[PDB]
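Same protein, same chain, two forms; see structure 1 and structure 2 below, as structure tokens.
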Structure 1
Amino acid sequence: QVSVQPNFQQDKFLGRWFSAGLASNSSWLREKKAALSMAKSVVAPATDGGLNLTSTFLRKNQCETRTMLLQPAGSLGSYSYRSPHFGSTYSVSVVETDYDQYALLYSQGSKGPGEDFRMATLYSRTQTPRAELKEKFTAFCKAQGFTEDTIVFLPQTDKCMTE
């Protein structure tokens, strides 16, 4: 029931994005909300036709890297992620993007212990998204049932943002 960007162009969605906003129903994320930081996420074509999403972010005086394989899931812009640690499966969709400024992503658990998880993410090409982009993200999060207290604009940073 999740919308996907019409005529999604995977070749234009590649490269460097910044995670500029987050909303979720995770008890963990809410507990850590104030401590959350902007991540740098690099998207590259994967060998399966989908995408590798490599993220780097500051956590407790260290730069952490995570890699997520997004496998094609039936339509362009619709992907599946399988957690290698828990086996949980998630649908991850590029809901709306203009490729050169922003993307709205929506992730929802499918099978396993993560099945109840839901999360919206604002990706931005710059670290300082304009008010109109932030209000766009707020609008999507509210339409999807996230409450004000679970929506956060992730504060920008020098840490872990370099190449």
Structure 2
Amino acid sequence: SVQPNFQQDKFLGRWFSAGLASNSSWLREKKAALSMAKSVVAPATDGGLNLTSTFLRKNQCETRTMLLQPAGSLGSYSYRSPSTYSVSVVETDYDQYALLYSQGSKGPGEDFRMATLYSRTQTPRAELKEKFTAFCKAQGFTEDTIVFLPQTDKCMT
């Protein structure tokens, strides 16, 4: 589902990529080879969101931006990889955590599913990890595919 009464303005700003579950071994392995710093959520010129991710790969800071186009329900977006993917904010309290769920909506990407835990703080919090694990299990992810991403304190400004 999608967060009821979703308020995009309260969702903006700095988030940390704390947890990930995916059914793609290729994707999990790619993510495991890097360390996340922060992500920034900001309104895009198209009415959706820009998600700008900063991370460390081989001790170099890198940034990548993804355009999340509005998908016609608040909290629901579409991403086209330069397959198309639905991206939903399933649950958030805005000031501590957000649970996102993505899956392919067109093309061979339809095989793809991913849950993401974002946190307003970088430091792990057991209750948030439990919430994420419960969500991933409910969405059919196996335990072994529910992982908590290595963080970095670099790249932060």
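Counting starts at 1 with the first residue of structure 1 and goes up one by one along its sequence. The term rigid core refers to the most C-alpha atoms you can superpose between the two forms while keeping them within 1.5 Å.
Once the two forms are fitted on their rigid core, between structure 1 and structure 2 the CA displacement reaches 2 Å or more only for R30 among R125, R30, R118, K136.
Taking the core as the reference frame, the CA atom of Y106 shifts 0.3 angstrom between structure 1 and structure 2. On core superposition, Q156 has its C-alpha offset by 2.6 angstrom between structure 1 and structure 2.
A C-alpha shift of 1.4 Å is found for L58 between structure 1 and structure 2, based on superposition of the rigid core.
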